[PDB]
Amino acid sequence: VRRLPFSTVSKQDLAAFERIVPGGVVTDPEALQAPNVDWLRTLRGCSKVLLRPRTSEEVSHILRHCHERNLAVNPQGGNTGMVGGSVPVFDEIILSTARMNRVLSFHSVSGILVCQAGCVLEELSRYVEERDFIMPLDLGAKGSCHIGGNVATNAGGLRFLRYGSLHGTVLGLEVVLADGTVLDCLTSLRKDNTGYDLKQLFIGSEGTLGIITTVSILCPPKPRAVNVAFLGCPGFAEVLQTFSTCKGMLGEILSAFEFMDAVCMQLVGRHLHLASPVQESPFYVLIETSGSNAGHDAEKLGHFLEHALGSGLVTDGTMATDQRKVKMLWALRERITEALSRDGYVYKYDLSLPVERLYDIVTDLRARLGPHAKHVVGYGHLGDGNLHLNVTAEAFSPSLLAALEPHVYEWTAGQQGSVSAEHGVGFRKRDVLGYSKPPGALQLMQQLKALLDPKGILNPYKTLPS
């Protein structure tokens, strides 16, 4: 809310940065407009310096200078984050990983990838798929998001159900600390219990404890067969039974289970001009499978589909194994958040709730907000108990905010849920962590922040309580 007492960038600081990062000092005000605005376009900083280092040493030297000079630094990746973590609040120096985009090594047998933090996720997927491997995560933001940002936010995504957390799949990190110290935890071993797993501190730390410069990550083998079933369900009870039956009948080949409601389908059709491939339904389910024997997978899907259609769990369904149609079906899900931001002002909640009551809050909000909301939608990673809850309005209303908050957070706390399942904390959620974390946890978090960055130059105003 109020700017902390950091120094201001002088002409000598600019000349120092030009010495440290020749060619990577952007000060043109019109060029700084895009990096000062967050993805949702509801936060806008006033930073006058963007730095674009090429190497880890340049990052170390930048932070050394900023530490001696007490200048605040805002690390930025693809700038697709949803919680205002990725843009300055005031005049923080924006340190971009855009030019830190080289792959350093890839072991064609172990599947271990070592790459710079600014490698774009989509580009890494292409790279490892050319070598019959895949990234352990994928996101709708794949085209822009940086692997460094994925690690910093502990991104979940669309294959989390199968491959799990970056806490498991990240094998090593090189991190530059606030004073410039380079911390080498960049091991490439599957198993290494030689002391504390320090890298874990930086996974989900959202740039407040250090700048991730190099990532080593375990890539799963590329599946021989990927199938997608897009199904229409006549209610949420049937969605939940489709999930239970899916786990019973598909089992280890399951790689994704996503859901969306009718209003989501209507919004992607309206704003993105994507047609539905199945009959109109109150709910849609996207199931992905990934396996090594295409025939066994096809048989599993056949028997699953036959039972689900036969027992009335699914009303209408389409299947795809062709890469093009698979991408078509996936686009209906991946681009929901975009269609929502085109419907007007978006109130965005990212909740972990018991799966059996994942949609209850959507119905509650629809009753609580009558004609004062444009739309209330629920979609997301049902398999992981993760609901994306969005409310759209024709314009922002402080009235509608008072109706939504704290109510939504209180409901989540009443379910012992998470008020930020995936997207993290950043600027937006720094003062609502008490609904998911007790004061002693938040206190230890503050102690770690003070140990690793005593001057608080890395990402001020985030991601700890005020």
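One rule holds for the numbers: they count along the sequence shown, beginning at 1. Here the rigid core means the biggest group of C-alpha atoms that line up within 1.5 Å when the two forms are laid on top of each other.
The stretch that moves more in 5 other deposited structures of this protein, judged by CA deviation after a rigid core superposition and choosing between 267-275 and 139-147, is 267-275. Larger root-mean-square CA separation from the shown form, computed after a rigid core fit of the structures in 5 other deposited structures of this protein, is seen for 371-379 when 207-215 is set against 371-379.
Averaged over their C-alpha atoms, the temperature factors of 403-411 and 27-35 are higher for 27-35. Mean CA temperature factor is higher for 320-328 when stretches 320-328 and 114-122 are set side by side in the entry.
Among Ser96, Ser205, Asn227, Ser108, the highest C-alpha B-factor recorded in the PDB entry belongs to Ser108.
The entry assigns its greatest Cα B factor, within the set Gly45, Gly424, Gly417, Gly440, to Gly45. Residue-level temperature factors show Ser436 in the lowest third of its chain, judged at the C-alpha atom.
Among all modelled residues in its chain, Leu452 ranks in the middle third by Cα B-factor.
Annotation for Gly385: C-alpha temperature factor in the lowest third relative to the rest of the modelled chain, per the entry. In the deposited entry, the Cα temperature factor of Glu338 sits in the top third of values across the chain's modelled residues. The deposited CA B-factor of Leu358 belongs to the middle third of values across its chain.
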